[PDB]
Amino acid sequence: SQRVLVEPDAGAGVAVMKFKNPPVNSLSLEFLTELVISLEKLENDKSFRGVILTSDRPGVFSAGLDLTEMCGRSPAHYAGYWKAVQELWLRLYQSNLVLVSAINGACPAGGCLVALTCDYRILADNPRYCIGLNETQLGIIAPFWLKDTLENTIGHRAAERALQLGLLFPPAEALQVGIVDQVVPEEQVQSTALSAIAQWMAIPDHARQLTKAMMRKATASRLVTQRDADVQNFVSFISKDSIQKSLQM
């Protein structure tokens, strides 16, 4: 609602979901929560079969995980929040909708939780709009399921390098490694996303959905079957006094 602007075109069967959590679309719990609710409503609305995800304001697609949500909070809150992080990944990655990311800003690790779970990724050709899983730069590591998603996007070798170096690929490099599908002038990102979704939405819907599910079920299952353990892993880590301290920078 507040933090997610939905612009629907029911006649076309398309909606645009614009992120509106300034200054940087950080993944706060309200934002994570609002994103999933909004996606779910578009899923259950049979009028809508494709969604374009983008920032309302260009510059930052999403800054990623939000520090306020993870600093000096309750054990309860941490569990609710990593559960909400997982939920967003799961619901995006398994959505029956066609999902296209119109990446009109920088896209570090948590922004990649969103971009990598879409069906197609278009990046604006702005040298500031770098994309990748940069966890190691901050002294942390990608969740296994996010690593898996990246491996599913760019292959094992490139994921090994990208994750260890915590690379944020500038647009030409991002295209070359395959983390995005197209790079276009910034003024053409939304038109390119429209052209892309027209093509994807034209596929017979059930067959497309079944095909998508066959491709992604093993990866999604790995998180569904270990989900509580994965929350506990997060909680134990960030509940540490010493990690809490290091959040302090």
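Quick note: we count residues from 1 along the sequence shown, nothing fancier.
In this entry, the higher average B-factor at the C-alpha atoms falls on 75-83, of the pair 75-83 and 130-138. The question of which stretch, 94-102 or 157-165, has the higher mean Cα B factor is settled in favour of 94-102. Within the selection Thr54, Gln209, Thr192, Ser38, the deposited Cα B-factor values reach their highest point at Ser38.
Taking only the listed residues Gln188, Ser62, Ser221, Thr68, the entry reports the highest CA temperature factor at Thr68.
The deposited CA B-factor of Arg216 belongs to the lowest third of values across its chain.
Sorting the modelled residues of the chain by their CA temperature factor places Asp181 in the lowest third.
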